[PDB]
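Below is one structure; the comments refer to it alone.
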Amino acid sequence: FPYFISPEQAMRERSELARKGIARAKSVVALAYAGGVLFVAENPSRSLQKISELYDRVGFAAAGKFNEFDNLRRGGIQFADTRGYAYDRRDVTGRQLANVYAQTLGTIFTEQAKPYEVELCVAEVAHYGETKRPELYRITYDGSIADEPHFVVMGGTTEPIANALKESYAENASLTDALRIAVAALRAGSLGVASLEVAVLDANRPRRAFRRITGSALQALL
Amino acid sequence: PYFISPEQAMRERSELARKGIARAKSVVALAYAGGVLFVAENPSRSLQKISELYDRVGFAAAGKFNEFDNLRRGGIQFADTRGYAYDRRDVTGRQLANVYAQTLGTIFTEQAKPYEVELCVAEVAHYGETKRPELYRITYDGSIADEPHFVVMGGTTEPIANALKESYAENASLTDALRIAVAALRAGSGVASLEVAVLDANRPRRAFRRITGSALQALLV
Amino acid sequence: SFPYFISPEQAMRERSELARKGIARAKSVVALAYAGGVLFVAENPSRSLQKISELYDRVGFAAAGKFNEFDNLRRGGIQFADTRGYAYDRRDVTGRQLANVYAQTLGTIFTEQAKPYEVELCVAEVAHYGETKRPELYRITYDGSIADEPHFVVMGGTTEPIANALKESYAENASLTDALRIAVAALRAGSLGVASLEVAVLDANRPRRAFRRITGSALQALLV
Amino acid sequence: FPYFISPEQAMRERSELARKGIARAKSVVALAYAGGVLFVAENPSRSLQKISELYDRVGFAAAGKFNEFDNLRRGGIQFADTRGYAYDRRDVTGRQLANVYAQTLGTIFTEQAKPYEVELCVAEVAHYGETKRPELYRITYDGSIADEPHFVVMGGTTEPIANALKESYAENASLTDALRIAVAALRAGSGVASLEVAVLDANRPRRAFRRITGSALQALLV
Amino acid sequence: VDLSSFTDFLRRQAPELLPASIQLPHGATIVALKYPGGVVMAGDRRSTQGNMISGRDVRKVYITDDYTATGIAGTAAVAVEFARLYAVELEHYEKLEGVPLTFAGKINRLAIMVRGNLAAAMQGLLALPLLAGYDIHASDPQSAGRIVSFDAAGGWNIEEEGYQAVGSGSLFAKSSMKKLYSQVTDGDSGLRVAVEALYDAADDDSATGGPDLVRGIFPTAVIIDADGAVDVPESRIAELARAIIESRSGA
Amino acid sequence: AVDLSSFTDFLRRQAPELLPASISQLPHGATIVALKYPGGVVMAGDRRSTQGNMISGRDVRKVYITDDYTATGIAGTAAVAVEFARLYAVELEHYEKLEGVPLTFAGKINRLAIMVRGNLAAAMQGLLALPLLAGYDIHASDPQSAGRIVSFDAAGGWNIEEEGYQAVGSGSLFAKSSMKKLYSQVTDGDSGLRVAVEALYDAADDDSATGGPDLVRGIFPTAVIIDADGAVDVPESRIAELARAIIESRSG
Amino acid sequence: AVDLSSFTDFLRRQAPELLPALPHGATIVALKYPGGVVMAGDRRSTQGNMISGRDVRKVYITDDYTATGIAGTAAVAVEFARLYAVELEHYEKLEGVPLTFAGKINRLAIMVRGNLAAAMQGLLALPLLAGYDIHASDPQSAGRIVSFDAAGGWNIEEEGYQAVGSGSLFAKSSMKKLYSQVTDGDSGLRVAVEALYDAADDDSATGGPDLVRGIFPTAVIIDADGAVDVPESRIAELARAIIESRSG
Amino acid sequence: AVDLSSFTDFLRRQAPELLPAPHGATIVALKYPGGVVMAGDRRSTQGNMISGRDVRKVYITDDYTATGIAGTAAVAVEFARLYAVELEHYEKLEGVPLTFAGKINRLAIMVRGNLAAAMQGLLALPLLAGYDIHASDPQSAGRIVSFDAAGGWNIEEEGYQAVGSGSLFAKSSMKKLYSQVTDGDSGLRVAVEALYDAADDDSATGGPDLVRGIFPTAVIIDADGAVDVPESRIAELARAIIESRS
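Chains as they are written, first to last, in our numbering: chain Z, 12 to 233; chain V, 382 to 602; chain W, -9 to 214; chain S, 425 to 646; chain B, 160 to 410; chain A, 29 to 280; chain E, 11 to 258; chain U, 163 to 408.
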């Protein structure tokens, strides 16, 4: 029995399996704005998050199988806290967290039983008082990583949402206008507070940029 | 053997699982004024399908017994352990559900046979607080759902699901809720044949209580 | 390197069948509640190899299937019970617990071993000296499924016939002799003498160790 | 229905899987000059490097899947720092780092589930004051190692770039001339915010590695 | 093998949570006696480090389940941890097995926790527990109450004498009960005799604090009968204290 | 790995925490006697426990029937003694359920010796347990000489008594010297049991760690007698009667 | 394993060495005023008889409603405050909700208990925890003070004040007399700065207010609006009041 | 497990042999506006015998920091080379240097991980001097950090610090001479004088050897980076002090 399974026939099937799980899940958008970075995701549930804080000025958003990306959220929080402790909080960067996720998904893809049906975004705004262009990174199930200049879209069917956003993206948009544009793009894919999960990384906040925009305030913004 | 691919392997197991659940007795959990009610069709007098996890957190399951008893025991270990390392008040239903999701999700992916189970984690408020009960359903898949009023698992659900959808009433008296549950249960299809318990907000510390024999018979009256 | 996958459904049927057949090819055993408590009767030609054993004070065990495999489970159940009774108290060991354990075990062997276990077993528990509790019988399948039986349990060989014969004639609180006769008759349907029988009871009337083997001449007296 | 290819096939499948991934990535060139060694790579992103410093007079350039060659960049840095510590900085050579990468890719190729979709270059200039011909090595996914006299090309479609280099190669070229030639070679394959430039400077006293960026890079093209 | 033991589980997964092995506040006196249809247990509130009073409000008697309470004398941190841990251990078995441990099993489980601390106890982290319980499954309701003491090696003994005490003032308390015991005929007289034995211990031992009338701190007590375990209310004890004090003066 | 069908080995392999050994001032002190009578053996122990000079217990039972034909009496640290008595009975019944047949007498002895020996480290540190084993051997060729008495030293060395009697504990010398004089009077379980209660009386007389019969509280030594029909606990009243007899003889 | 969501655990298994292992001596006090709690500590560090530090901070805000003051070796104490703060925020980020007060206390006790072996060899860190608990029913009674013994035993003060460190006995005896004067955060802050003054008076290891270099005790006050660092000037001016009032 | 891009961890995991595991020297460091300066003596003793007279104990460890180590000479030297590699290793892996606070924290971990060995004599007590570019005020940018044997670190507010066998003498001397520091040159003079005073009262600290021409070594660091002071500029300063002493 010297025969070996096909490496190529495995690549392709895993790749697909992943692609379908993602395509079949709710969608999320992250876009740069004057306020910093805005996170909008279609989310019916009230207990299960798809957008989270990783570190001071670093946010996380994902689409795919929950148990699988909650898992990746937790480990990124462990990696960040640990690096911030061994050096200083100011040494923890979004670039690093992204680089880690790439290595991780890359490995799960190649070695775990089932690849991860997930797509994620790591966003970093500048430190209180600095003036730095926000950074957005998208990491694929494959472990591929992308440096996005203005916005990122993941989950379900993206092209529509992506183009509407490309067509409708406004730089340094006021937060409410930006939110409306984002929601507009989301519908394009195919809105109520009850239907959303919103949060932003605030450059303005002194230490922890991340803030969830909920209920009444969200309604007012809408 | 019938050597298969990533996609059908899941399709097959997925079925393997679905069937198993389908073939099992059924359980319902619904919000009520008393808090949360648990009703399951269970002929056996020794084997539970509804249990206490922590103070204000209940557990109900359907599927293969040895497999969900297994889950019940590890949930109790996870809760006891977190309540010891921190404080009892730091243990939540949301956390127990989040754990089960991660567990079933891994079993599904890394085990020869996926667990043939479906479960419900329910949490009422602490004595004196006023919080809307919470219900979660975790699939063999590991998918998790946040249910507002009731949860149905085991066997053929649609009938039972719709029957309740048709008659569910918020803040229903316990007896009324019990009757509604039995009826919904009947559509899916007796006291000596029923397993009933509640998570009670009124109780000072341990919300869970089993309604048995005489008292249960009296309730239908 | 990269992983492969096999059909879940196909494996289960062959595996489940591999087992269903083996248990079918085996000798049979019955366990039924009686006034005396619980009676165990098994067709067994051999004089050295048991199919019925004591697990703990008031907890008995009976099995059908491949011997090396259920002797194995008998041993582990005795280890589990002795251990729990040592760590707590003898009175904390229950039939329900031993059954729950066997379920978990067979369930895992079934799913993870090369070949599932070709066995079917019964865990029975009578009340403690002086208490008044209905006897408990549990049946655990190779699959790991567990059942709570009210009056009797049948395992090994062809059980449809045996279960039915018992159903037709079972009576609660039977005298020991009557129970023995009922058991012998049910066994006949499935397929017998002191020469080829293995009999024992969980005598709830015993002070501590309920388990007792009825052998030779004493057995002859019951039959006639 | 899943397949079980045989030894010959697995050999050809892995090999292909690798060769494709590399051919489908951005390109990089490294060429010898009087200044020493120049590194040019087409790179849209501003956060993700493809050219890095390994040790004092030893540079690294790669093409392929990022998480995979970042991984090898890190390990090379660990290997170099460790040998320089156990002996002396002057005992660390480009030849040694290359030899290690060969052993590594060779093993990954043969034992991992999937081989590495990467091709790399290890370059070494002389020590401050010495007069030694730069050295360039290319290491394949296969683990094959090549000793290149003047330049190395990797990533995407090479032949065009390679020939353009062979036809227009300049020896002892001013840094600007070398840059122009490199650009022409990269041009055939397929800007200033689309380029990643760095070089190993023989003139620098210790750390020869220097990145040519923004303004300064602008002047050099013309 | 699997023991549905929260502690055994903890050791495999969470050794850090355990008390561990290898001056700390200590010094308490705890008494317990049996009365018909009941058992009562009480403990003082002082904590000392050498000669300094480190605590004056310390609670050392805890209801551990519906029919049992434990009083731990020794090092305060260890005693408190032991009390929390044991209660979780007991409720953990009940939830896993759906039925509470028999009284003898509860005793055995406590003994293993004690015995597994002997090394630490040799180094000063001592915890000598006293267990009081009412056994529902006991044949006679009047004789239901149980008192169990543990030596540092885990050896346990169920007193038949009717009362027991542990801690720095335990000899005084025991000698006092030896004289006062015949007066116990019901929960109230037994609760009186307990608070008096603790008074006598505080009288002869500086590590045991007696009733503080200025701050209003008194011993804590728990009584257990067929209806379960209940904390005795402060005021009922304060009233019993003043009675004894008043009575020691003249009237 | 060989299955010795040993409960102890299983714990050592699977659940050490349960293991009595705690190797890394405790209540201790007892006197236990055992003697052989035709077709029988009897064993008795005092009820006192002491911590230094203080009496820590007055009802302690130190003699236990461990299976249908054997009993063990343990002298030393009380916690340890109780643990051993409980552990050894389980070990014996465990082998019988696994193998369907009880251990031979020699095998029972050997098993107890291994438990003792494996406690040497702890016993060096004061956790001593010195057991005395009394048994009736069913397989013995002659019924009259069937009774057995076995003592263990702290290293697990065991010895079978050809002498007819033995004792262990803090008053064992007194008890032994007393039986040396009273032994000729033994002809049956009853005279055997008297002699034993008397030896224990003499031990209590000269050793403050051994408690004699408490007539005020009505606490007496516990005894077990074992003949061809198995091991039986001697009823308190039969012993109280025997005690008073000796006490009156002692005074008159 | 079992996940507690504790950064101490994961840090220990993944990077145990990151975990904490001679300068020492400090006095830290804490007291409750209605609807508030205040905590202050001295700035001295000594090695034997030599003064090794005069600016040392020993009181830190560890989350929005709590602060910790640690007495003992400075190296052990400074790290301890950092680690405990991260532990607290790490659980909040993983679970989306902060720990209950009782859970914060328990986590801290565990850290202290783990350090007992090292405390027996000199790396002793005896912490004092002060917090305001929102979940508690009464705002006036919201403030909390918790002390720890070396074995991790913890105790919540029904006394109203507590202190730890080499001058803690002096500080406590002083507060015992001055406590009735606390009626609000300002008087409470005065009494705390005075108790620390008294401790520096009788213990050479506790440094009192240095008017020459202008170094004063550091303090933190915590009420329903959260934990704030008290500004130096308010402390300096409360010191001079005390000093002036003593020379009088 | 979590990666920290630490050369040291790599060594612990894969090359423990490489990790580290003759004493008495004086080292000083002070802040002058827009700068920090650090200097050390050159003597090494074994008991009463002088084992070394050229020993360098102050090293530039990166462009904006230097470390001076007091204790066993071997331990101190090994520590400095290792710390410099650890610093440049993180920079190459992450493309960016560590923040000053991170550099401190890293040194603290190396020190603390040597506490068991220090209890047994292989005591290395480091002094760190650096200029923080990211610091808000350029004049106050310079930093001095001292470490205790347990890894405890303290940033220096007093403006100067010393370590080693003559450190008390050097500190007491700077206490008087500090007000004269107004710039790098005065700051450097006060440093060489404090070291002169230490050598005067401690036989383990060697002062300027005019016969062999061996002098303390120094490093100065301002916004333009760290630089070795040239011997002649020190020799000069030394001679001035001796002449002044008379």
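Here a beta-carbon is modelled for each residue, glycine too, at the ideal position from N, C-alpha and C.
{"query": "Span of the alpha helix (DSSP H) around residue 220 (chain W)", "result": "This structure cannot speak to residue 220 (chain W), because chain W is shown only from -9 to 214."}
{"query": "The region 45 to 61 of chain A in contact with the region 193 to 211 of chain A per 3-pair CB rule at 8 Å", "result": "yes"}
{"query": "For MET200 (chain B), the first and last residue of its enclosing beta strand (DSSP E)", "result": "197 to 202"}
{"query": "Residue range of the alpha helix (DSSP H) that includes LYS333 (chain B)", "result": "329 to 339"}
{"query": "Bridge partner(s) assigned by DSSP for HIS530 (chain V)", "result": "Looking at the DSSP assignment, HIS530 (chain V) forms no beta bridge with any residue, so it has no partner."}
{"query": "Helix, strand or coil at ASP235 (chain E) [DSSP, three-state]", "result": "coil"}
{"query": "Rounded separation between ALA14 (chain W) and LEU45 (chain W) - CA only", "result": "25 Å"}
{"query": "Interface residues of the region 24 to 48 of chain W facing chain A [CB-CB below 8 Å]", "result": "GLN40, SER43, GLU44 and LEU45"}
{"query": "Residue(s) in a DSSP beta bridge with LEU411 (chain V)", "result": "V:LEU418 and V:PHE531"}
{"query": "Cross-chain neighbours of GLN0 (chain W) in chain V, by beta carbon under 7 Å", "result": "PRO382 and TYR383"}
{"query": "Length of the line joining the Cα atoms of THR225 (chain Z) and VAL107 (chain E)", "result": "16 Å"}
{"query": "Cα-Cα separation, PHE172 (chain U) to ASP468 (chain V)", "result": "39 Å"}
{"query": "Neighbour list for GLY147 (chain W) in chain V, Cβ cutoff strictly below 9 Å", "result": "Per Cβ cutoff of 9 Å: no residues; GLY147 (chain W) is ~25 Å from chain V at best."}
{"query": "Where the alpha helix (DSSP H) through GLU398 (chain B) begins and ends", "result": "393 to 408"}
{"query": "Contact list for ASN267 (chain U) against chain Z, beta-carbon separation under 8 Å", "result": "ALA97, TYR98 and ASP99"}
{"query": "Runs of beta strand (DSSP E) lying entirely within the region 93 to 142 of chain Z, each at least 3 residues, in chain order", "result": "129 to 135"}
{"query": "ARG518 (chain V) (DSSP reduced to helix, strand or coil)", "result": "strand"}
{"query": "Neighbourhood of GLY67 (chain W) by C-beta distance below 8 Å, restricted to the same chain and skipping five residues each side", "result": "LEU45, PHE51, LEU88, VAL91, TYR92 and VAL113"}
{"query": "9 Å Cβ cutoff, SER62 (chain E) in contact with chain U", "result": "yes"}
{"query": "Rounded separation between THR223 (chain U) and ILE120 (chain E) - CA only", "result": "39 Å"}
{"query": "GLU548 (chain S) to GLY387 (chain U) span [Cα, whole Å]", "result": "27 Å"}
{"query": "Contacting residues, own chain, Cβ-Cβ under 8 Å from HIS296 (chain U) (five flanking each side not counted)", "result": "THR261 and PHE262"}
{"query": "8 Å CB neighbourhood of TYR593 (chain S) in its chain, flanking five on each side removed", "result": "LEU455, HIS574, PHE575 and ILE605"}
{"query": "Of the residues E:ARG256, E:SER16 and E:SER190, the one placed nearest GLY464 (chain V), counting alpha carbons only", "result": "E:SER16"}
{"query": "Separation of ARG204 (chain B) from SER406 (chain B), as counted between CA atoms", "result": "22 Å"}
{"query": "Within-9 Å CB hit, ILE231 (chain E) to chain B", "result": "no"}
{"query": "Runs of beta strand (DSSP E) lying entirely within the region 181 to 232 of chain B, each at least 3 residues, in chain order", "result": "188 to 194, 197 to 202, 206 to 208, 211 to 214 and 220 to 224"}
{"query": "Endpoints, beta strand (DSSP E) assigned at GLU477 (chain S)", "result": "475 to 479"}
{"query": "For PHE633 (chain S), the first and last residue of its enclosing alpha helix (DSSP H)", "result": "Unbroken run through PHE633 (chain S) is the beta strand (DSSP E), 633 to 635; no alpha helix (DSSP H)."}
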